[PDB]
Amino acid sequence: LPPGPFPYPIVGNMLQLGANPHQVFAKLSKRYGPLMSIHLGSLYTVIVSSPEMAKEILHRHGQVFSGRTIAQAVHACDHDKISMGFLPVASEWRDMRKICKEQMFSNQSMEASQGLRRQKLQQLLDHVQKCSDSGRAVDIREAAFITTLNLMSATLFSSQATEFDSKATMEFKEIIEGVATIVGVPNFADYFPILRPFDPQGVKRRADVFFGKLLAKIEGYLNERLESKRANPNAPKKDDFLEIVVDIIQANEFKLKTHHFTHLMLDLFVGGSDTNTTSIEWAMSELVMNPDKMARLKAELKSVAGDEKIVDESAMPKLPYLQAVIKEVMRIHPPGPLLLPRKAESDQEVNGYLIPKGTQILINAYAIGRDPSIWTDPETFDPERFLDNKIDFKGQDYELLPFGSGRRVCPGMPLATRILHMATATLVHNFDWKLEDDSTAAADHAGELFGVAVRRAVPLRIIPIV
């Protein structure tokens, strides 16, 4: 087995992880190496911590490690059996991947929904404008949460609500925050198999409530669309994912039931929420803390969009510094520092070490992003290091893996980047910013809080001035 810290009876290595396990893994793998045995109670895990080993796992043996480790909370409403995010690589999974790649996140699809999202950006712009007038600091975490939810809502369901904080959106927010609370803490049933039949913390149960609420909203939206289309055969086709769902179903070309699609949209909606929400806050945090870089971005934006207040997504190639900023934010702050778990589908040897069937595989992309042997001045925020640099985050550069790589690489990436780029652009271009209070400034930026997404312990609060 790969080397690693001495595992104690019963607990294994669990007592050493602390509140930011990804940080502790990063420090540990310096001692033990880029393939490391970690015992999470009875749940044997191998941590992968270099570009070399990432490629060995995700690429060379990409099929063997194409499986997922399934938390107990994922068993709610039988999601573990239905979801594109957790099913093994097989027929049902390929079909849903195909639908995502070829239809949902295609170029045609993303461009067709560009206007729907534009309104949501306009709403955010107006919100920040009010706070700007009154001189009130904006809570970036809360603002980004709502904007992301809006952008995701607009793209998936065409929801054109006129209030920034619409009722429909704040329901979602309650539900998503709900899921995060439950999953973001250790389920001991995940680590001690004798506890699984008990669900001793009621994690599965509490999650079944929030999954149910969410599946309801979605099945509601679907049913309403199906009726509206039946009653209005001559209405223009909506430009969203929901419209795409209906057509695929009513064409019956895929061996998939209805709940595949309702669960699929749930994964898309949830998968895109916390990720973009915390990334936007990190972006804004980094720029405010590095006034030189904030200036360089502002200058590039001024030069390209001028007096336009909302950039066209199609204008992204005209914005290399904005891309570099987001690339660099992903390097330092991958939302999921340990990505999503993979799993060995059979015994497999890697670098002389046996990796047994069933092993949980965690890619520490966080570690890799901050490894000084790969990145110069790793803790420094420096977008300039990506300019004229072919290194990207699509999965081909194992120095930079915030989206994963190989088989289960993030399918929502085309929507994600648009959301990151535009929301960041809207905020930076239209306002200047100062901290509400710079007294604990440095500390507030460095302090992380683990969970579904690693985020700032202290939520960013900054005042918008024009």
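Sequential numbering from 1, following the sequence displayed.
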Mean CA temperature factor from the deposited coordinates, higher in 158-166 or in 316-324? 158-166
Mean Cα B-factor check, 5-13 vs 439-447, entry values; winner is 439-447
Say you rank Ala367, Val304, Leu297, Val179 by Cα B-factor from the PDB entry; which sits at the top? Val179
Criterion, highest CA B-factor; candidates, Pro334, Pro186, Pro356, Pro200: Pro186
Third of the chain, ranked by Cα B-factor, where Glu56 sits: lowest
Based on the entry's values, in what third of the chain does the Cα temperature factor of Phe65 lie: lowest, middle or highest? middle
State the tercile, meaning the lowest, middle or highest third, of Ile82 with respect to the CA B-factors recorded for its chain. highest
Ranked by Cα temperature factor within the chain, is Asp190 in the lowest third, the middle third or the highest third? middle
Entry-reported C-alpha B-factor of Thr278 relative to its chain, by third, is middle
